[PDB]
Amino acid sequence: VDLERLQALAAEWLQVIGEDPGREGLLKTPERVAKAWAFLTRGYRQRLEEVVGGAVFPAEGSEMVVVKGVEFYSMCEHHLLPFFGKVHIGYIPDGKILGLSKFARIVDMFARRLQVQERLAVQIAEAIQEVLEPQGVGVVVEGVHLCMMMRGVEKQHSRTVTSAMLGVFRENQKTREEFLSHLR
């Protein structure tokens, strides 16, 4: 990512909207924004293999594992405005379990991109499926979207839930149900 190009773009952005790029508090803005967006889009430049590291251990049992409340922050591809909340993950191992924090690293890998919540849940679930090959994976993403809060419809109480169910989580309704019950 060319930071110099972003700085120039952000500098021109400031004047077009009616601001003074030469103003005290805005002098370092173009630079700050460039770095911000480099970090906010770093997910595209990450590799699932490096993200997971070697944190794949032998299964201690065959029971469901649920990692809930993994906060996430993303940017809607439609308005380039933040949407955020939490990701809840559930899975039944076949023979391998993942290091808990790796779930969070996977979430960040896909969240730090321009997204749509429906895709985020699917990519997270697919990544986990690919790394562990468990009996099944379930991913629930719940977030608030600033694009419909600070503009447009300006709704305030709304929240969106998207999900992705693979393997036994898609097959056995009782399994999916038990996973969703743990979230309430």
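So that there is no doubt, residue numbering starts at 1 and follows the sequence shown.
- The stretch 9-17 shows the higher mean C-alpha B-factor when 9-17 is compared against 159-167 in the entry.
- Averaged over their C-alpha atoms, the temperature factors of 65-73 and 122-130 are higher for 122-130.
- Looking at the C-alpha B-factors along this chain, the one for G143 belongs to the lowest third.
- In the PDB entry, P93 places in the middle third of its chain by CA B-factor.
- In the deposited entry, the Cα temperature factor of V51 places it in the highest third of its chain's modelled residues.
- When the modelled residues of the chain are ordered by C-alpha B-factor, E177 sits in the middle third.
- Residue-level temperature factors show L40 in the middle third of its chain, judged at the C-alpha atom.
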